[PDB]
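Structure data follow from input.tsv (TSV, C-alpha atoms and all ligand atoms):
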chain	number	residue	atom	x	y	z
A	14	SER	CA	115.65	94.35	97.39
A	15	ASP	CA	112.73	95.43	95.18
A	16	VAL	CA	111.31	92.45	93.32
A	17	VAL	CA	112.06	92.63	89.61
A	18	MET	CA	109.37	91.22	87.32
A	19	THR	CA	110.65	90.22	83.89
A	20	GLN	CA	108.31	89.42	81.02
A	21	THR	CA	109.14	87.63	77.77
A	22	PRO	CA	108.70	88.37	75.01
A	23	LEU	CA	108.38	92.18	74.71
A	24	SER	CA	106.23	91.77	71.62
A	25	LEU	CA	104.20	88.71	70.57
A	26	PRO	CA	102.83	88.70	66.98
A	27	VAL	CA	99.99	86.23	66.36
A	28	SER	CA	97.32	85.22	63.89
A	29	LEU	CA	93.71	85.13	65.09
A	30	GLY	CA	93.03	81.58	66.31
A	31	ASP	CA	96.57	80.80	67.43
A	32	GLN	CA	97.60	80.05	70.99
A	33	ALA	CA	99.80	82.57	72.83
A	34	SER	CA	102.10	82.08	75.83
A	35	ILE	CA	103.62	84.88	77.89
A	36	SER	CA	106.24	84.40	80.56
A	37	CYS	CA	106.66	86.39	83.75
A	38	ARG	CA	109.55	85.70	86.13
A	39	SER	CA	110.20	87.25	89.55
A	40	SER	CA	113.60	87.89	91.15
A	41	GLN	CA	112.41	86.13	94.28
A	42	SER	CA	109.66	83.77	95.33
A	43	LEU	CA	106.19	85.22	95.42
A	44	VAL	CA	104.99	82.61	97.90
A	45	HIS	CA	103.70	84.43	100.96
A	46	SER	CA	103.88	83.02	104.49
A	47	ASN	CA	100.07	83.00	104.53
A	48	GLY	CA	100.10	80.43	101.74
A	49	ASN	CA	99.00	82.69	98.89
A	50	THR	CA	101.09	83.59	95.82
A	51	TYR	CA	100.19	87.16	94.88
A	52	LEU	CA	100.67	87.31	91.09
A	53	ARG	CA	98.24	89.17	88.84
A	54	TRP	CA	97.91	89.41	85.09
A	55	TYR	CA	96.40	92.51	83.52
A	56	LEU	CA	95.35	93.41	79.99
A	57	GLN	CA	95.54	97.01	78.81
A	58	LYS	CA	93.81	97.66	75.51
A	59	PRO	CA	95.39	100.53	73.51
A	60	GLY	CA	94.25	103.87	74.91
A	61	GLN	CA	92.39	102.23	77.80
A	62	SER	CA	93.15	101.44	81.42
A	63	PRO	CA	94.62	98.21	82.76
A	64	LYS	CA	92.14	95.60	83.90
A	65	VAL	CA	92.81	92.47	85.91
A	66	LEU	CA	92.33	89.15	84.14
A	67	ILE	CA	93.94	86.71	86.57
A	68	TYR	CA	94.77	87.00	90.27
A	69	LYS	CA	96.67	84.77	92.72
A	70	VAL	CA	98.41	83.09	89.76
A	71	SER	CA	95.51	81.14	88.31
A	72	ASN	CA	92.17	82.59	89.39
A	73	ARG	CA	90.23	83.94	86.47
A	74	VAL	CA	88.28	87.15	87.11
A	75	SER	CA	84.67	86.14	86.45
A	76	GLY	CA	83.69	87.36	82.97
A	77	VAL	CA	87.13	86.69	81.50
A	78	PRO	CA	86.77	83.85	78.97
A	79	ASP	CA	88.00	80.32	79.74
A	80	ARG	CA	90.49	80.75	76.88
A	81	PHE	CA	92.74	82.57	79.40
A	82	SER	CA	94.72	80.60	81.91
A	83	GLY	CA	97.42	81.46	84.42
A	84	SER	CA	99.84	78.93	85.85
A	85	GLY	CA	103.21	78.68	87.55
A	86	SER	CA	104.72	78.82	91.01
A	87	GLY	CA	107.47	80.47	93.03
A	88	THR	CA	109.32	82.66	90.55
A	89	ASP	CA	108.05	81.35	87.23
A	90	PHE	CA	104.65	82.20	85.79
A	91	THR	CA	102.80	81.85	82.52
A	92	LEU	CA	99.70	83.31	80.89
A	93	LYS	CA	98.16	81.19	78.14
A	94	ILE	CA	95.59	82.49	75.66
A	95	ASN	CA	93.77	79.97	73.52
A	96	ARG	CA	92.28	80.92	70.13
A	97	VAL	CA	93.30	84.58	70.17
A	98	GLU	CA	90.58	87.05	69.12
A	99	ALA	CA	90.70	90.75	68.27
A	100	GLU	CA	89.40	91.76	71.69
A	101	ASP	CA	92.44	90.08	73.29
A	102	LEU	CA	94.90	92.42	71.56
A	103	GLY	CA	96.83	94.84	73.74
A	104	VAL	CA	99.54	94.85	76.37
A	105	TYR	CA	99.62	92.21	79.08
A	106	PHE	CA	101.33	92.95	82.37
A	107	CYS	CA	102.14	90.75	85.30
A	108	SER	CA	102.50	92.12	88.81
A	109	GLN	CA	103.53	90.88	92.23
A	110	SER	CA	101.94	92.01	95.44
A	111	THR	CA	103.60	89.61	97.90
A	112	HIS	CA	106.32	92.13	98.72
A	113	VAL	CA	106.25	95.88	99.16
A	114	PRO	CA	106.95	97.69	96.98
A	115	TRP	CA	104.41	96.09	94.66
A	116	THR	CA	105.98	95.77	91.21
A	117	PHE	CA	105.05	95.20	87.61
A	118	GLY	CA	106.57	93.55	84.60
A	119	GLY	CA	107.35	95.70	81.59
A	120	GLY	CA	104.56	94.34	79.45
A	121	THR	CA	104.08	92.05	76.47
A	122	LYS	CA	102.28	93.46	73.42
A	123	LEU	CA	99.97	90.89	71.80
A	124	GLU	CA	99.39	92.03	68.23
A	149	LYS	CA	79.25	95.18	85.92
A	150	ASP	CA	81.80	93.61	88.28
A	151	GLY	CA	79.17	93.46	91.00
A	152	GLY	CA	78.66	97.19	90.68
A	153	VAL	CA	82.17	98.11	91.86
A	154	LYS	CA	83.20	101.73	91.16
A	155	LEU	CA	86.40	103.69	91.72
A	156	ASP	CA	86.53	107.23	90.42
A	157	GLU	CA	89.73	109.28	90.41
A	158	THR	CA	89.61	113.09	90.35
A	159	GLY	CA	92.12	115.90	90.75
A	160	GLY	CA	94.38	115.43	87.75
A	161	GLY	CA	95.62	118.29	85.64
A	162	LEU	CA	98.61	120.31	84.60
A	163	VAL	CA	101.10	121.88	86.99
A	164	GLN	CA	104.63	123.27	86.76
A	165	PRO	CA	107.53	121.70	88.72
A	166	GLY	CA	107.54	122.38	92.46
A	167	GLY	CA	103.76	122.42	92.42
A	168	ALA	CA	101.32	120.31	94.41
A	169	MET	CA	98.18	118.46	93.50
A	170	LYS	CA	95.69	116.40	95.48
A	171	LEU	CA	94.09	113.34	93.89
A	172	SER	CA	90.89	111.88	95.30
A	173	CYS	CA	89.36	108.45	94.83
A	174	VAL	CA	85.79	107.71	95.84
A	175	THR	CA	84.65	104.09	95.73
A	176	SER	CA	81.53	101.99	96.11
A	177	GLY	CA	80.31	98.42	95.56
A	178	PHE	CA	82.82	96.64	97.76
A	179	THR	CA	83.21	96.45	101.53
A	180	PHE	CA	85.93	99.07	101.78
A	181	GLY	CA	86.95	98.04	105.29
A	182	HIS	CA	88.30	94.75	103.95
A	183	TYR	CA	90.49	96.39	101.28
A	184	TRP	CA	93.98	97.89	101.03
A	185	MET	CA	93.88	101.04	98.87
A	186	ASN	CA	96.70	102.01	96.51
A	187	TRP	CA	97.79	104.53	93.94
A	188	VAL	CA	99.58	103.21	90.82
A	189	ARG	CA	100.82	105.34	87.94
A	190	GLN	CA	101.73	104.84	84.31
A	191	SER	CA	104.14	106.57	82.00
A	192	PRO	CA	105.72	105.54	78.67
A	193	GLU	CA	109.16	105.95	80.25
A	194	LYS	CA	108.66	103.84	83.37
A	195	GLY	CA	105.59	101.70	82.65
A	196	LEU	CA	103.29	100.79	85.55
A	197	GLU	CA	104.63	101.86	88.93
A	198	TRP	CA	103.04	101.31	92.33
A	199	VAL	CA	103.52	104.45	94.45
A	200	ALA	CA	101.49	104.25	97.69
A	201	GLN	CA	99.34	102.01	99.88
A	202	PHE	CA	97.05	102.55	102.87
A	203	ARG	CA	96.05	99.36	104.64
A	204	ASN	CA	92.84	98.65	106.56
A	205	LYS	CA	92.10	98.42	110.31
A	206	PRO	CA	93.09	94.74	110.76
A	207	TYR	CA	96.49	95.63	109.30
A	208	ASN	CA	96.97	98.65	111.57
A	209	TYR	CA	96.12	101.27	108.93
A	210	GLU	CA	99.77	101.11	107.88
A	211	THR	CA	101.02	103.17	104.96
A	212	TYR	CA	103.74	102.36	102.46
A	213	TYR	CA	105.36	104.38	99.67
A	214	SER	CA	107.66	103.83	96.70
A	215	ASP	CA	111.15	105.28	97.13
A	216	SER	CA	110.45	107.54	94.16
A	217	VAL	CA	107.79	109.50	96.10
A	218	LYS	CA	108.84	109.11	99.74
A	219	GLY	CA	108.76	112.43	101.60
A	220	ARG	CA	106.74	114.11	98.87
A	221	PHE	CA	103.50	112.13	98.53
A	222	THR	CA	101.05	111.31	101.31
A	223	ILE	CA	98.23	108.78	101.04
A	224	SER	CA	95.19	109.27	103.26
A	225	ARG	CA	92.15	107.14	103.89
A	226	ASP	CA	88.60	107.71	105.08
A	227	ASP	CA	86.57	104.54	105.78
A	228	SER	CA	83.34	106.43	106.44
A	229	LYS	CA	83.47	107.79	102.89
A	230	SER	CA	85.05	104.74	101.22
A	231	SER	CA	87.69	107.13	99.84
A	232	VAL	CA	91.46	107.39	99.45
A	233	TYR	CA	93.50	110.47	98.59
A	234	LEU	CA	97.02	111.26	97.36
A	235	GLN	CA	98.59	114.59	98.29
A	236	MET	CA	101.48	115.16	95.88
A	237	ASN	CA	104.01	117.84	96.85
A	238	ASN	CA	107.08	119.22	95.10
A	239	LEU	CA	106.14	117.65	91.78
A	240	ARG	CA	108.74	116.86	89.11
A	241	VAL	CA	108.48	116.30	85.38
A	242	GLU	CA	109.09	112.56	85.99
A	243	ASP	CA	105.87	112.40	88.06
A	244	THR	CA	103.90	112.89	84.85
A	245	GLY	CA	101.55	109.98	84.20
A	246	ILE	CA	98.10	108.44	84.49
A	247	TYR	CA	97.30	107.82	88.14
A	248	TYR	CA	95.01	104.92	89.08
A	249	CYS	CA	93.50	104.20	92.43
A	250	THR	CA	93.17	100.53	93.29
A	251	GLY	CA	91.41	98.48	95.92
A	252	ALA	CA	92.93	95.13	96.79
A	253	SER	CA	91.48	92.32	98.93
A	254	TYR	CA	92.35	88.62	99.25
A	255	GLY	CA	94.64	88.86	96.22
A	256	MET	CA	92.01	90.47	93.97
A	257	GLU	CA	92.26	94.09	92.80
A	258	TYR	CA	89.94	96.66	91.24
A	259	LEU	CA	91.16	99.78	89.42
A	260	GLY	CA	89.67	103.05	88.34
A	261	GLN	CA	89.97	104.52	84.84
A	262	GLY	CA	92.69	106.91	85.99
A	263	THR	CA	93.28	110.63	86.13
A	264	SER	CA	96.02	112.33	84.15
A	265	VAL	CA	98.73	114.29	85.89
A	266	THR	CA	101.11	116.40	83.81
A	267	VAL	CA	104.09	118.14	85.35
A	268	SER	CA	105.62	120.42	82.74
B	1	LIG	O1	95.16	88.46	100.97
B	1	LIG	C1	94.70	88.73	102.08
B	1	LIG	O2	94.66	87.83	103.06
B	1	LIG	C2	94.19	90.10	102.38
B	1	LIG	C3	92.92	90.27	102.92
B	1	LIG	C4	92.36	91.55	102.98
B	1	LIG	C5	93.07	92.65	102.50
B	1	LIG	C6	94.33	92.52	101.96
B	1	LIG	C7	94.92	91.28	101.89
B	1	LIG	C8	96.26	91.12	101.30
B	1	LIG	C9	97.44	90.81	102.12
B	1	LIG	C10	97.34	90.59	103.49
B	1	LIG	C11	98.50	90.31	104.20
B	1	LIG	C12	99.74	90.27	103.57
B	1	LIG	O3	100.83	90.00	104.30
B	1	LIG	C13	99.86	90.48	102.20
B	1	LIG	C14	98.74	90.77	101.43
B	1	LIG	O4	98.86	90.96	100.19
B	1	LIG	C15	97.91	91.25	99.40
B	1	LIG	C16	98.15	91.44	98.04
B	1	LIG	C17	97.11	91.74	97.16
B	1	LIG	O5	97.32	91.91	95.91
B	1	LIG	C18	95.80	91.83	97.63
B	1	LIG	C19	95.50	91.65	98.98
B	1	LIG	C20	96.52	91.35	99.88
Let me see whether you can do it: turn the structure in this file into structure tokens.
Amino acid sequence: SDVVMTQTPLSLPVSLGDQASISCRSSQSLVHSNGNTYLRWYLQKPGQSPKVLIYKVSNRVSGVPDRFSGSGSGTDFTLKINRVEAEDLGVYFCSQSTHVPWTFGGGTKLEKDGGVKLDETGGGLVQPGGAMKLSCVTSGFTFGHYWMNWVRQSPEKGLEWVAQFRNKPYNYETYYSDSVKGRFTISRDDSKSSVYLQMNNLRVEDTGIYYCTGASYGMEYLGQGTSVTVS
């Protein structure tokens, strides 16, 4: 039932100045009943956090050069990069947010912002069985019009969406990944423009960098992440 996002190729070697093309396919249509197709492309530079380059298939995040273009429809999507430069090098991910759970492709290795801020705190080291509360304080966007999420990253599983807390128009509904159901609880406070993640009964496999994200009208902003180690 979970939408599988498949990227090709896993690794894409290029020479500076060449054109690059990355494919992302979904296991089912990403066309939403509301008319939007919720497909994002991200770039993660080595050692840094993922940043959105393209949203709703083809919309370029302002600031991203015109050399980048997203295209496609339904289940078949493509990111094109003209005249590759050094700053473009890193891992590109696609993600779908039409269906819950939100899901990510496995990545392809190619080898401010209106004052928006999201700051994650609470990370650290705990032993299995332990608990930890992550907090995310935001500013620079009208929080009431955003769905807040927690997404995590590990070498073993890649990017994984784990929880969502919708806004008032969408009944403040919460959703969780099966991997954390019954253990993690996402909470939201509009007055403080903050979201929190209470993580109980932690396991080694919960180890990862945890990012808070704010999504609205197909766009998404992400924090720099906070590291959680369960050892
Ligand atoms: O896209 C929207 O209409 C919308 C507006 C405000 C807040 C969230 C959404 C939004 C969705 C609203 C309804 C729905 O059925 C699905 C939505 O999906 C989204 C996916 C995103 O990445 C990012 C945003 C959304």
Show me which residues sit within 6 Å of ligand LIG 1 (chain B) when counting only C-alpha atoms and all ligand atoms, and put them as number ranges by chain. A: 51, 110-111, 182-184, 252-256
Selected residues written out, C-alpha atoms, as a short mmCIF file (atom, residue, chain, number, x, y, z; two decimals), in the coordinates of the input:
data_model
loop_
_atom_site.label_atom_id
_atom_site.label_comp_id
_atom_site.auth_asym_id
_atom_site.auth_seq_id
_atom_site.Cartn_x
_atom_site.Cartn_y
_atom_site.Cartn_z
CA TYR A 51 100.19 87.16 94.88
CA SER A 110 101.94 92.01 95.44
CA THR A 111 103.60 89.61 97.90
CA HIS A 182 88.30 94.75 103.95
CA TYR A 183 90.49 96.39 101.28
CA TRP A 184 93.98 97.89 101.03
CA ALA A 252 92.93 95.13 96.79
CA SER A 253 91.48 92.32 98.93
CA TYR A 254 92.35 88.62 99.25
CA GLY A 255 94.64 88.86 96.22
CA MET A 256 92.01 90.47 93.97
#
Using all atoms listed in the file, which residues sit within 9 Å of residue 167 of chain A once same-chain residues fewer than 5 positions away are excluded, as a list in words?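 Once the nearby chain positions are removed, what remains is residues 236, 237, 238, 239, 240 and 267 of chain A.
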Give as an NGL selection string every residue, naming chains and numbers as the document does, that has an atom within 7 Å of (99.4, 80.9, 78.6), counting all atoms listed in the file. :A and (33-35 or 81-83 or 91-94)
Residue neighbourhood residue 161 of chain A, 8 Å, all atoms listed in the file, exclusion window fewer than 6 positions, as a ChimeraX atom specification: /A:264-266
For residue 84 of chain A, which residue out of A:208, A:121, A:108, A:36 is the nearest one, using all atoms listed in the file?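 Using all atoms listed in the file, residue 84 of chain A sits closest to A:36.
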Suppose you want the space between atom CA of residue 63 of chain A and atom CA of residue 250 of chain A; what is it in Å?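 Distance reported for this atom pair: 10.9 Å.
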To one decimal place in Å, what is the distance between atom CA of residue 40 of chain A and atom CA of residue 72 of chain A? 22.1 Å
Mind completing segment 109-154 of chain A with N, CA, C and O atoms? Output as a CSV table (one decimal), in the frame of the given file, please?
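Dumped to rebuild-v4.csv:
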chain,number,residue,atom,x,y,z
A,109,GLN,N,103.5,91.6,90.9
A,109,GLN,CA,103.5,90.9,92.2
A,109,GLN,C,103.1,91.8,93.3
A,109,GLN,O,103.4,93.0,93.3
A,110,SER,N,102.4,91.3,94.3
A,110,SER,CA,101.9,92.0,95.4
A,110,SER,C,102.2,91.2,96.7
A,110,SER,O,101.6,91.5,97.7
A,111,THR,N,103.2,90.3,96.7
A,111,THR,CA,103.6,89.6,97.9
A,111,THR,C,104.5,90.5,98.8
A,111,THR,O,104.5,90.4,100.0
A,112,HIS,N,105.3,91.3,98.1
A,112,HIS,CA,106.3,92.1,98.7
A,112,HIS,C,106.1,93.6,98.4
A,112,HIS,O,105.7,93.9,97.3
A,113,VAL,N,106.3,94.5,99.4
A,113,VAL,CA,106.2,95.9,99.2
A,113,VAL,C,107.7,96.3,98.9
A,113,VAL,O,108.6,95.9,99.6
A,114,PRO,N,108.0,97.1,97.9
A,114,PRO,CA,107.0,97.7,97.0
A,114,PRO,C,106.3,96.7,96.0
A,114,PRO,O,107.0,95.8,95.5
A,115,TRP,N,105.1,96.9,95.7
A,115,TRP,CA,104.4,96.1,94.7
A,115,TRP,C,105.1,96.5,93.3
A,115,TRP,O,105.4,97.6,93.1
A,116,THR,N,105.3,95.5,92.5
A,116,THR,CA,106.0,95.8,91.2
A,116,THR,C,105.4,95.1,90.0
A,116,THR,O,104.7,94.1,90.2
A,117,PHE,N,105.6,95.6,88.9
A,117,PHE,CA,105.0,95.2,87.6
A,117,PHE,C,106.1,94.8,86.6
A,117,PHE,O,107.2,95.3,86.6
A,118,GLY,N,105.7,93.8,85.8
A,118,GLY,CA,106.6,93.6,84.6
A,118,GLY,C,106.4,94.7,83.6
A,118,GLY,O,105.6,95.5,83.7
A,119,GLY,N,107.3,94.6,82.6
A,119,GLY,CA,107.4,95.7,81.6
A,119,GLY,C,106.3,95.6,80.5
A,119,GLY,O,106.2,96.5,79.7
A,120,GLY,N,105.6,94.5,80.4
A,120,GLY,CA,104.6,94.3,79.4
A,120,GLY,C,105.0,93.5,78.2
A,120,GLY,O,106.1,93.5,77.8
A,121,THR,N,104.0,92.8,77.7
A,121,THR,CA,104.1,92.0,76.5
A,121,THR,C,102.9,92.5,75.6
A,121,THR,O,101.8,92.4,75.9
A,122,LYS,N,103.3,93.0,74.4
A,122,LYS,CA,102.3,93.5,73.4
A,122,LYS,C,101.8,92.3,72.5
A,122,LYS,O,102.6,91.8,71.7
A,123,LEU,N,100.6,91.9,72.6
A,123,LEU,CA,100.0,90.9,71.8
A,123,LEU,C,99.4,91.6,70.6
A,123,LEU,O,98.5,92.5,70.8
A,124,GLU,N,99.8,91.3,69.4
A,124,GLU,CA,99.4,92.0,68.2
A,124,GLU,C,99.3,91.1,67.0
A,124,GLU,O,99.7,89.9,67.1
A,149,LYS,N,77.9,95.6,86.4
A,149,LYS,CA,79.2,95.2,85.9
A,149,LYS,C,80.2,95.0,87.1
A,149,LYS,O,80.4,95.9,87.9
A,150,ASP,N,80.8,93.8,87.2
A,150,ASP,CA,81.8,93.6,88.3
A,150,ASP,C,81.1,93.8,89.6
A,150,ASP,O,81.7,94.5,90.5
A,151,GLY,N,79.9,93.3,89.8
A,151,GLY,CA,79.2,93.5,91.0
A,151,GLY,C,78.8,94.9,91.4
A,151,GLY,O,78.5,95.2,92.5
A,152,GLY,N,78.9,95.8,90.4
A,152,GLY,CA,78.7,97.2,90.7
A,152,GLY,C,79.8,98.0,91.3
A,152,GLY,O,79.6,99.1,91.8
A,153,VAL,N,81.0,97.4,91.3
A,153,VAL,CA,82.2,98.1,91.9
A,153,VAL,C,82.5,99.4,91.1
A,153,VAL,O,82.5,99.4,89.8
A,154,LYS,N,82.8,100.5,91.8
A,154,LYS,CA,83.2,101.7,91.2
A,154,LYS,C,84.3,102.4,91.9
A,154,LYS,O,84.3,102.4,93.1
